[PDB]
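Engineer: Dumping the structure here so I can ask a few things about it.
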Amino acid sequence: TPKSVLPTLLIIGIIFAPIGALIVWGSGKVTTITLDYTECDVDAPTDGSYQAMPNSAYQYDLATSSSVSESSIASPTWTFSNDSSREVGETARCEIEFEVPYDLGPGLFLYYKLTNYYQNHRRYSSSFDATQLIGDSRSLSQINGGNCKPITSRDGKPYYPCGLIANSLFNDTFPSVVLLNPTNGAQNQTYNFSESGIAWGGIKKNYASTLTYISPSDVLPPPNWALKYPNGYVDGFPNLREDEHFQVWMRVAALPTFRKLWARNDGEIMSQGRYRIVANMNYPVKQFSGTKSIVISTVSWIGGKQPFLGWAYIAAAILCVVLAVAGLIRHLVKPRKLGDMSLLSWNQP
Amino acid sequence: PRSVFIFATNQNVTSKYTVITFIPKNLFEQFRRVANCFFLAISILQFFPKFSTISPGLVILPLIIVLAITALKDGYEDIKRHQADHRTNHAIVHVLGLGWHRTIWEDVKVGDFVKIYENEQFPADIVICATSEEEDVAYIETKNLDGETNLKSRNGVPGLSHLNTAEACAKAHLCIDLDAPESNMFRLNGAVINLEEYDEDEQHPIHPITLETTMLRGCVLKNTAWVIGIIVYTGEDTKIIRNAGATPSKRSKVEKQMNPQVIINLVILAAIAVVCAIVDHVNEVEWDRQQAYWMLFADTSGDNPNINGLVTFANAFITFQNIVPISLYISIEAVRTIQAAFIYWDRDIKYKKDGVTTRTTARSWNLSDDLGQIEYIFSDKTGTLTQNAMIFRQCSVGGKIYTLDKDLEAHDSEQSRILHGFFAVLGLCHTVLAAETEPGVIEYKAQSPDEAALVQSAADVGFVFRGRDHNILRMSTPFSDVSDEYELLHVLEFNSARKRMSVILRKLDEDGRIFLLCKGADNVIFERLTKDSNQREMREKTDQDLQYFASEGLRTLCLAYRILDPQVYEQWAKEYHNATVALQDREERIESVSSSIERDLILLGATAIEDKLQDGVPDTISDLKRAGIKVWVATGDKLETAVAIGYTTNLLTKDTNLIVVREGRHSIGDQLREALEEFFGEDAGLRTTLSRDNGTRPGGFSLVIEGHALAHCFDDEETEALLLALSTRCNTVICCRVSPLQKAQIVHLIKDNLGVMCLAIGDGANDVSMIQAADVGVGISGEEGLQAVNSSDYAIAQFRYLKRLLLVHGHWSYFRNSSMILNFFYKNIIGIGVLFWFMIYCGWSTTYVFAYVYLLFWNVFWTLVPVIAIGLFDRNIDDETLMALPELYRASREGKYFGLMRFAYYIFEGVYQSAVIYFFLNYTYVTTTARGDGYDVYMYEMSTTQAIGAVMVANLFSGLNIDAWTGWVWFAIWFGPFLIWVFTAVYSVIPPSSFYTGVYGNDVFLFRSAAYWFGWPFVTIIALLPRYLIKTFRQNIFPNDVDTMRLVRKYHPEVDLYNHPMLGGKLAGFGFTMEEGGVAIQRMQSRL
Ligand SMILES: *[C@@H]1O[C@H](CO)[C@@H](O[C@@H]2O[C@H](CO)[C@@H](O[C@@H]3O[C@H](CO[C@H]4O[C@H](CO)[C@@H](O[C@H]5O[C@H](CO)[C@@H](O)[C@H](O)[C@@H]5O)[C@H](O)[C@@H]4O)[C@@H](O)[C@H](O[C@H]4O[C@H](CO)[C@@H](O)[C@H](O)[C@@H]4O)[C@@H]3O)[C@H](O)[C@H]2NC(C)=O)[C@H](O)[C@H]1NC(C)=O
Ligand SMILES: C[C@H](C/C=C/C=C/CC/C=C/C=C\CCC(C)(C)C)[C@@H](O)[C@H](O)[C@H](O)[C@@H](O)[C@@H](O)[C@@H]1OC(=O)[C@H](O)[C@H]1O
Ligand SMILES: *[C@@H]1O[C@H](CO)[C@@H](O[C@@H]2O[C@H](CO)[C@@H](O)[C@H](O)[C@H]2NC(C)=O)[C@H](O)[C@H]1NC(C)=O
Ligand SMILES: *[C@@H]1O[C@H](CO)[C@@H](O[C@@H]2O[C@H](CO)[C@@H](O)[C@H](O)[C@H]2NC(C)=O)[C@H](O)[C@H]1NC(C)=O
Ligand SMILES: *[C@@H]1O[C@H](CO)[C@@H](O)[C@H](O)[C@H]1NC(C)=O
Ligand code: BEF
Ligand SMILES: [Mg+2]
């Protein structure tokens, strides 16, 4: 039997090693820039100047082919401005200037990372009404008794969209990413991140553009959407189908530390230089010891930068080779005859 | 008492359930499984609106299905029992109604008048009233212990006067004084009194009723003419039913061992729930102090913490309910039913004799795995190890053996004269009646099988017995029609230690020679001869011949001869007549008379009768003893017959020393203690139990104990402990003359003091009680009322069928059931473990990582067929090897296939594999997109990858755990994962308009992702590598007998199992039956 076991271990190792090497190579072909702007409210200058961000507020994950080092890149700088004369959703702005060490090929994606955000909690994970979202006819009793608890209705007017997931929509935007030192002339060049296509095309069908059974004045906006819809849905129902940030948010994340796509670019190259990114800080996460970050990453054949599977394959291959070598040594030392009869119970002293 | 005038209803009622009360008792016996209580609690909890997941009806549906399936199983079993009982309570018995009308065995209360004719059973206990032969005597048969035809004399004065039906109608002789119904089969009392009968004092005479007058229920098989009687002690007060017992609800040892495993799983689930509740409560209090987005609006009476901690407790019990799956018991029941069907359909345990076929039927559809753990077998002797057929085999005439007589009979040789005398003694010294219904046949109706066989052999090989048409006997020698006068009988009836029987006779010819013909045992007759020198030589030759007869195994009678002179004949006739009326010590007087007449005899030869056992019994017993099963004999027959059968069945080998314990002189406990001290004194472990003749050659010890000694042992406790020690320290124990209750007591003694599994096999009411008292009861179908068959769990027709049944079916069933249960627990632990390992990362909120469809169909679709295939078709070794090598039964008998250690190994394997799956795939999916399209990683991508990996791992683990392999194994193992893959492919394209489905687009997020395609195979390989290595190294380093034999058969098919130096070449008297007084005594009065 071990004659059919040792070659199995050798084959497993010899097949696993190339797969792990390929996964590691693909992960190393990816560049990730992380910018933690959670503490920009209090730790950033408010006079218009730029101060270097703390070493724990940013993390560069450079490609294996990069000729520069992590410490060689200049530290990003940030500034804060909280002015009440701007429109709602853009009063507080955090402008972060960061350097891209090398040209990042087409396929640049912009994410926001939330830490200590338990979307997988039982109360939150199921706090939505798919029947109401799809546009079907739901009565007050049905929505009250549905899975949308505890945000179901008030004063006889149901919430649309109801539930904890919709109420906690991430209302922090990153409107502009601008290059500060363009080589091709001009004072600055705006990197055109597009908010279209950030969600798969089938997520739209889960939601309806409008409701044909309740007038907009008979629907209450979610409690945390009050600052966005002060007097309610006075301009028609929100188009939950044509907006993709809502669809991205509604997809429950597996872990408390998760990244959700916010704008993308698929046909431009981020040239080497210094880029300024503006974040409209509107979603507080400091209350529950949470942090919000900005993640800019490319994509390889495996997706993001995660070489864990490749190293697991390599370790498995090494373990299998060691076990096969030990088994071969043991078999050569004391080879045993298969199907003997001297070790039976009756054929022993 | 009764005092019936011309009580207990009727019917055997062997049905466990009743139409009125079936649901309650069935539900109780189903809820004796603990897991059913847990399922009911979970369903009741889910009835509440807060904990509802799908619907109350669909939640209750699995439990209702389990209950309905088990109820239908039990109902089919009890319907078979009802049919078997109705075959008994709808026979034909003629009861008076001025004619004898047919009845149905039910319209028969105490009283009545029953005519039973010949060769049919009794409806209840009756009191003899009249019979057609003489003195109103009748005859009985076996099935109530013993193996000879008994006799019942008369009722005394009520005898006669009732020949026709009109006398029965016109007479109201009743008001019997019947005592209380007792289980003992040796005591009855009463008095007919009669309504119209007066003595000299104008009082109604008392007519005692004893056992010699009554005849019990279920055992007559009457061998005489019609008999009329009065039904008394009818119904459940009969001896047979009272000695029987209520039908038990037997359960396999595997279920009794499964209960602690279910309790352990429930404790683990409770610990998980407690940890989840505590951590969730602390986290929710913290997240409510600082208003998190997932804890908003937590101020109501049902959504605040504390209440949320209790809700998390309940949701933890609901989420991990598969740690004790409900599909486990349905699968177990179906597999056990199909195993019973396999037992039924086996053609090697199917009997076909005289045009009727008797398959082996499993009365209890469970207990199949119980057959594989048998350590003690308690077997009846008569009808189970014997065919109840006596065949004459060899005869010794002086010096010459026979196995030629016509050539020998030269009418001039002295050997011819001795042969003539021998056959005359054989054919004339007999209390046998000859019937002239058909000329030439000369039907012989004998009271003993030995006498019938001897007379038939004498007729077939010469001297034919004509009959007793008058007081003068006749004989048919093959020369002419001779006849000789019949003098006074001198039958000792094999009683009062008189192992002999003599018949004084006379010759009708002018010679008028008085000759005494005597037959008896070896020692008595040999010591009872006149040996000067020539009879000494004849005696030594006959002793050598009889030793030869006993060596092969035969029952031997020594014939004798004597010529009485007329003077001594008349003197002894006068002495016998005087001693006939002696009042005090009449037995002593007749013993002295017998000694006086038997003063000198001339030897004629000896016989040799074989008690034919069932075919294959010695080989079956040898194979069972090789397998390690200790076989005992519990029989109601006498000690001599039991020990002879034990010698002939290889139960008692020639190298065993017999410890015979019987009541007499020394006390039973003292006898056991002395036997232990004198035969097992050099035992270290004996002293732990000590804290309070005859034999052949050293090399082993066997115990023979009678019923009275067993009663004295069971009365107290010290004697019971001594008996247990001696019986466990002996090879085999033969229990002779035991009541049904004593058989049950022996079985209970072993099963309770030792705790070992027991099997009981027999074909009678005593066997009925013994069968009900054991773990597995086996009945033998022999057209003997079918009572043992009706009360058993398995019905076989031969002992060798028991041998195969155990060795192959029990071993296979135990192996399959153990593997199936362990794999079921393993796969459910895999699913629950993936859920739990996610619960580590979710804040312990009891949330399903998987989409609920993947957990809902975990046992219905993903993992069902590998478990069913293991439970039905898995074979550890082929049946030829198991039949050829009974020593392979050790693993099944010692319980090395099912236990807590194997359960723990499978549980921890599942825990480790689930940890590998979840953790590796989680750290794989800790990324931004997992594909080149940039779309985020949401929970259900990782969940579906983990679910597919878990299904693959579970199915391939079950596949690795199968010794046999064919196409069907591949079909099952890849039918599970095929179903999950196709379901993931199709379910993820259902548009949201048709159904929400929760996982729309996973066919794009998984089948186009490197994470999925490189995570599920890596997870599978890493999870299954330890099992593969462990199995290989266990089979190649620490191998069992079964594994080694499987390798030998696979690689060396040319090895002959039966005759191989290391495999097969190592292989690893007197008897006579008599009625013991009665009609023979009444024969003396008639011939006086
Ligand atoms: C971007 O998004 C973020 C979050 O997604 C937005 O921030 C949220 O904005 C909401 C709207 O302004 C805030 O809700 C309001 O909060 C005030 C005061 O807060 C306290 O109020 C109560 C104490 O006085 C009490 O309220 C309940 O809180 C929980 C549920 O909310 C319950 O469990 C609890 O038991 C209380 O019953 C809390 O202590 C709060 O801390 C309230 O007064 C407001 O109430 C008014 O509006 C509601 C609407 O439905 C109405 O019923 C009331 O009658 C009243 O008129 C309102 O709830 C929210 O606190 C805030 N969250 C955070 C974390 O900042 C942000 O505005 C948004 N920005 C943009 C630009 O879009
Ligand atoms: C219809 C099916 C089950 C069918 C039962 C009917 C069976 C007929 C005979 C029994 C067959 C089963 C296995 C044996 C296969 C052979 C008959 C041996 C070929 C489902 O309807 C069943 O109900 C599912 O098994 C689940 O619904 C349930 O078992 C689920 O398990 C769990 O863990 C959940 O708590 C419970 O929801
Ligand atoms: C930007 O400034 C506004 C007001 O200048 C802040 O809003 C106030 O936040 C405090 C928090 O302590 C509350 O007590 C007040 O009720 C809020 N409103 C007003 C009118 O003062 C806002 O939080 C600032 N944005 C930040 C810090 O990111
Ligand atoms: C983002 O889009 C803008 C507008 O389409 C681009 O700006 C143009 O860049 C070209 C290249 O030098 C100039 O000739 C045009 O005059 C610019 N137009 C305006 C309105 O400024 C910009 O280059 C794009 N960014 C990237 C990285 O391709
Ligand atoms: C880019 O340049 C234009 C014109 O020079 C200016 O109006 C705009 O504010 C700049 N954007 C920045 C510096 O982010
Ligand atoms: F042969 Be048993 F004693 F019925
Ligand atoms: Mg019997």
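How things are named: the first chain in the structure tokens is A, the next is B, and so on; residues count from 1 in each chain; ligands count from 1 in the order shown.
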Please write out the residues within 7 Å of ligand 1 as a list in words, counting only C-alpha atoms and all ligand atoms.
Structural biologist: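 Listed by chain and ascending number, the contacts are residues 88, 89, 167, 168, 169, 170, 171, 222, 223, 224, 225, 226, 227, 228, 282, 283 and 284 of chain A; 291, 296, 297, 298 and 299 of chain B.
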Engineer: Take the residues from that selection and write them out as an mmCIF file, in the first residue's frame, keeping C-alpha atoms.
Structural biologist:
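For reference, out19.cif as written:
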data_model
loop_
_atom_site.group_PDB
_atom_site.id
_atom_site.type_symbol
_atom_site.label_atom_id
_atom_site.label_comp_id
_atom_site.auth_asym_id
_atom_site.auth_seq_id
_atom_site.Cartn_x
_atom_site.Cartn_y
_atom_site.Cartn_z
ATOM 1 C CA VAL A 88 -24.606 68.671 2.545
ATOM 2 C CA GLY A 89 -22.218 65.744 2.271
ATOM 3 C CA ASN A 167 -29.980 52.624 7.285
ATOM 4 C CA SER A 168 -26.189 52.385 7.689
ATOM 5 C CA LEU A 169 -25.283 53.347 4.121
ATOM 6 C CA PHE A 170 -21.674 54.535 3.832
ATOM 7 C CA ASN A 171 -22.110 58.213 2.921
ATOM 8 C CA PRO A 222 -34.454 55.539 6.869
ATOM 9 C CA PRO A 223 -33.660 57.299 10.152
ATOM 10 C CA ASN A 224 -29.991 57.910 9.308
ATOM 11 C CA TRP A 225 -30.895 59.298 5.865
ATOM 12 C CA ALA A 226 -32.567 62.333 7.458
ATOM 13 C CA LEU A 227 -29.666 64.664 6.654
ATOM 14 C CA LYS A 228 -29.833 63.577 2.993
ATOM 15 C CA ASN A 282 -19.467 61.978 6.837
ATOM 16 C CA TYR A 283 -19.531 58.414 8.249
ATOM 17 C CA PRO A 284 -18.276 58.291 11.858
ATOM 18 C CA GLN B 291 -24.133 53.324 19.172
ATOM 19 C CA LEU B 296 -29.378 50.572 16.632
ATOM 20 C CA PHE B 297 -32.877 50.428 18.140
ATOM 21 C CA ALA B 298 -32.133 47.953 20.932
ATOM 22 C CA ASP B 299 -34.474 49.403 23.562
#
Engineer: Which residues sit within 10 Å of ligand 6, counting only C-alpha atoms and all ligand atoms, listed as number ranges by chain?
Structural biologist: B: 142-147, 379-386, 388, 633-638, 642, 735-740, 743, 762-768
Engineer: Residues at most 7 Å from range 305-322 of chain A, counting only C-alpha atoms, excluding those fewer than 5 positions away in the same chain, as an mmCIF file with N, CA and C atoms, in the first residue's frame?
Structural biologist:
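Resulting contents of around_19.cif:
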data_model
loop_
_atom_site.group_PDB
_atom_site.id
_atom_site.type_symbol
_atom_site.label_atom_id
_atom_site.label_comp_id
_atom_site.auth_asym_id
_atom_site.auth_seq_id
_atom_site.Cartn_x
_atom_site.Cartn_y
_atom_site.Cartn_z
ATOM 1 N N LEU A 9 2.203 11.250 -2.552
ATOM 2 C CA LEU A 9 2.759 12.427 -1.889
ATOM 3 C C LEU A 9 3.705 13.187 -2.809
ATOM 4 N N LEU A 10 4.557 12.467 -3.544
ATOM 5 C CA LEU A 10 5.473 13.137 -4.461
ATOM 6 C C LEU A 10 4.715 13.901 -5.540
ATOM 7 N N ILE A 12 1.627 15.039 -5.362
ATOM 8 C CA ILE A 12 0.942 16.165 -4.732
ATOM 9 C C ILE A 12 1.905 17.328 -4.543
ATOM 10 N N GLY A 13 3.117 17.047 -4.065
ATOM 11 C CA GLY A 13 4.085 18.117 -3.877
ATOM 12 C C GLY A 13 4.526 18.752 -5.184
ATOM 13 N N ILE A 14 4.832 17.919 -6.182
ATOM 14 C CA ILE A 14 5.319 18.408 -7.466
ATOM 15 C C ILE A 14 4.242 19.170 -8.228
ATOM 16 N N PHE A 16 1.667 20.857 -6.414
ATOM 17 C CA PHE A 16 1.335 21.998 -5.569
ATOM 18 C C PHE A 16 2.370 23.109 -5.686
ATOM 19 N N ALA A 17 3.652 22.755 -5.788
ATOM 20 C CA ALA A 17 4.689 23.787 -5.810
ATOM 21 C C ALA A 17 4.534 24.770 -6.966
ATOM 22 N N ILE A 19 1.802 25.593 -8.586
ATOM 23 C CA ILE A 19 0.576 26.358 -8.372
ATOM 24 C C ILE A 19 0.794 27.428 -7.313
ATOM 25 N N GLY A 20 1.467 27.070 -6.218
ATOM 26 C CA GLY A 20 1.760 28.054 -5.193
ATOM 27 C C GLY A 20 2.693 29.143 -5.678
ATOM 28 N N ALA A 21 3.715 28.764 -6.450
ATOM 29 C CA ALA A 21 4.616 29.762 -7.010
ATOM 30 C C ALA A 21 3.872 30.712 -7.937
ATOM 31 N N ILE A 23 0.634 31.478 -7.832
ATOM 32 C CA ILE A 23 -0.232 32.341 -7.035
ATOM 33 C C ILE A 23 0.578 33.443 -6.362
ATOM 34 N N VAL A 24 1.747 33.101 -5.815
ATOM 35 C CA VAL A 24 2.599 34.104 -5.185
ATOM 36 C C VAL A 24 3.051 35.140 -6.205
ATOM 37 N N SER A 27 0.096 37.437 -7.039
ATOM 38 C CA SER A 27 -0.148 38.373 -5.947
ATOM 39 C C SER A 27 0.927 39.449 -5.894
ATOM 40 N N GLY A 28 2.181 39.075 -6.151
ATOM 41 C CA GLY A 28 3.263 40.041 -6.143
ATOM 42 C C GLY A 28 3.261 40.972 -7.332
ATOM 43 N N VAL A 30 0.855 42.828 -7.996
ATOM 44 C CA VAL A 30 -0.207 43.765 -7.652
ATOM 45 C C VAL A 30 0.353 44.828 -6.719
ATOM 46 N N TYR B 923 -8.640 33.070 5.021
ATOM 47 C CA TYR B 923 -7.435 33.847 4.763
ATOM 48 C C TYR B 923 -7.141 33.967 3.276
ATOM 49 N N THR B 924 -7.674 33.061 2.452
ATOM 50 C CA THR B 924 -7.594 33.247 1.009
ATOM 51 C C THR B 924 -8.461 34.415 0.553
ATOM 52 N N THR B 927 -9.054 39.733 0.979
ATOM 53 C CA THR B 927 -8.450 40.444 -0.140
ATOM 54 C C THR B 927 -9.424 41.531 -0.583
#
Engineer: Just checking: using only C-alpha atoms and all ligand atoms, which residue out of A:275, A:249, A:102, A:58 ends up closest to ligand 5?
Structural biologist: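 Checking each of A:275, A:249, A:102, A:58 against ligand 5, counting only C-alpha atoms and all ligand atoms, the winner is A:275.
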Engineer: Please find the residues of chain B near chain A - the criterion being any atom within 6 Å, counting only C-alpha atoms - and write them as a PyMOL selection string.
Structural biologist: chain B and resi 290+293-294+842+845+847+924+927-932+936+938-939+992+1010+1041+1044+1047-1048
Engineer: Write down as a PyMOL selection string the residues belonging to range 596-837 of chain B that are assigned alpha helix (DSSP H) by DSSP computed on the backbone.
Structural biologist: chain B and resi 596-597+617-626+639-648+668-679+686-689+707-715+718-728+740-753+765-772+787-790+799-804+811-837
Engineer: Rounded to one decimal place, report the CA of residue 172 in chain A-CA of residue 90 in chain A distance in Å.
Structural biologist: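 Value for the CA of residue 172 in chain A-CA of residue 90 in chain A distance: 8.9 Å.
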Engineer: Could you jot down the CA of residue 820 in chain B to CA of residue 871 in chain B separation for me, Å, one decimal place?
Structural biologist: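 Separation of CA of residue 820 in chain B and CA of residue 871 in chain B: 5.3 Å.
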Engineer: To one decimal place in Å, what is the distance between CA of residue 229 in chain A and CA of residue 195 in chain A?
Structural biologist: 21.6 Å
Engineer: Report as a short mmCIF file (atom, residue, chain, number, x, y, z; two decimals) with N, CA and C atoms, in the first residue's frame which protein, DNA and RNA residues come within 7 Å of ligand 2, using only C-alpha atoms and all ligand atoms.
Structural biologist:
data_model
loop_
_atom_site.label_atom_id
_atom_site.label_comp_id
_atom_site.auth_asym_id
_atom_site.auth_seq_id
_atom_site.Cartn_x
_atom_site.Cartn_y
_atom_site.Cartn_z
N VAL B 59 -40.65 22.69 9.52
CA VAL B 59 -39.79 22.36 10.66
C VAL B 59 -40.28 21.08 11.34
N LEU B 61 -42.05 18.75 9.88
CA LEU B 61 -42.12 17.64 8.93
C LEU B 61 -41.06 16.56 9.16
N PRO B 62 -39.77 16.88 9.36
CA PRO B 62 -38.80 15.79 9.57
C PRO B 62 -39.11 14.93 10.78
N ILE B 65 -41.98 12.71 10.02
CA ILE B 65 -41.56 11.62 9.13
C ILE B 65 -40.83 10.53 9.91
N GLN B 321 -28.07 22.58 15.31
CA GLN B 321 -28.91 21.42 15.60
C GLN B 321 -28.45 20.17 14.86
N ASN B 322 -27.63 20.32 13.82
CA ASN B 322 -27.14 19.16 13.09
C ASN B 322 -26.05 18.40 13.83
N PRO B 325 -27.98 15.03 14.18
CA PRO B 325 -28.89 15.10 13.03
C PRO B 325 -30.13 14.24 13.23
N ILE B 326 -31.23 14.69 12.61
CA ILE B 326 -32.46 13.91 12.64
C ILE B 326 -32.49 12.87 11.52
N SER B 327 -31.77 13.11 10.42
CA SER B 327 -31.68 12.15 9.34
C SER B 327 -30.89 10.91 9.72
N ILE B 330 -33.49 8.00 10.69
CA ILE B 330 -34.21 7.49 9.52
C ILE B 330 -33.31 6.58 8.70
N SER B 331 -32.07 7.02 8.46
CA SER B 331 -31.13 6.21 7.70
C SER B 331 -30.81 4.92 8.43
N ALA B 334 -33.83 2.54 8.06
CA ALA B 334 -33.92 1.99 6.71
C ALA B 334 -32.83 0.96 6.46
N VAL B 335 -31.61 1.25 6.90
CA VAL B 335 -30.50 0.32 6.69
C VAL B 335 -30.75 -0.98 7.45
N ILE B 338 -33.34 -3.03 5.60
CA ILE B 338 -32.78 -3.68 4.41
C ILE B 338 -31.83 -4.80 4.80
N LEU B 856 -29.54 23.51 4.54
CA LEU B 856 -30.81 22.80 4.56
C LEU B 856 -30.71 21.45 3.85
N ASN B 859 -27.92 17.01 4.53
CA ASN B 859 -28.18 15.58 4.67
C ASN B 859 -29.14 15.04 3.64
N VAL B 860 -30.02 15.88 3.10
CA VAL B 860 -30.98 15.41 2.11
C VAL B 860 -30.28 15.05 0.81
N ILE B 868 -25.44 5.72 3.05
CA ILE B 868 -26.32 4.59 2.75
C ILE B 868 -25.52 3.43 2.15
#
Engineer: Hey, what does DSSP flag as strand (DSSP E or B) within range 205-279 of chain A? Can you give it to me as a list in words?
Structural biologist: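 Of range 205-279 of chain A, only residues 220, 234, 236, 253, 258, 259, 260, 261, 262, 263, 264, 265, 270, 273, 274, 275, 276, 277, 278 and 279 of chain A fall in strand (DSSP E or B).
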Engineer: Given a cut-off of 12 Å, what residues near ligand 4 show up using only C-alpha atoms and all ligand atoms, put as an NGL selection string?
Structural biologist: :A and (103-106 or 108 or 176-180 or 182-194 or 265-273 or 275)
Engineer: So which residues touch residue 1002 in chain B within 8 Å, counting only C-alpha atoms, skipping near sequence neighbours fewer than 4 positions away, as a PyMOL selection string?
Structural biologist: chain B and resi 941+984-985+988+1006-1007
Engineer: Select the residues contacting ligand 3 at a distance of at most 6 Å, based on only C-alpha atoms and all ligand atoms, then format the selection as a list in words.
Structural biologist: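 Sorted by chain and then by number, the residues are residues 41, 82, 92 and 281 of chain A.
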Engineer: Can you work out which one of A:52, A:328, A:44, A:278 has the shortest atom-to-atom distance to residue 79 in chain A, counting only C-alpha atoms?
Structural biologist: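 For residue 79 in chain A, the nearest of the given residues is A:44.
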Engineer: Excluding range 534-536 of chain B and its own-chain neighbours fewer than 2 positions away, which residues fall within 12 Å of it when counting only C-alpha atoms? Please give them as a ChimeraX atom specification.
Structural biologist: /B:398-399,526-532,538-543,560,600-605
Engineer: Quick one: everything within 12 Å of range 748-753 of chain B, counting only C-alpha atoms, minus sequence neighbours fewer than 4 positions away in the same chain. Send it as a ChimeraX atom specification.
Structural biologist: /B:374-378,630,632,710,713-714,717,720-725,727-728,733,741-744,757-760,769-776
Engineer: Nearest residue to residue 115 in chain A out of A:240, A:333, A:294, A:73, using only C-alpha atoms?
Structural biologist: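 Among A:240, A:333, A:294, A:73, it is A:294 that comes nearest to residue 115 in chain A.
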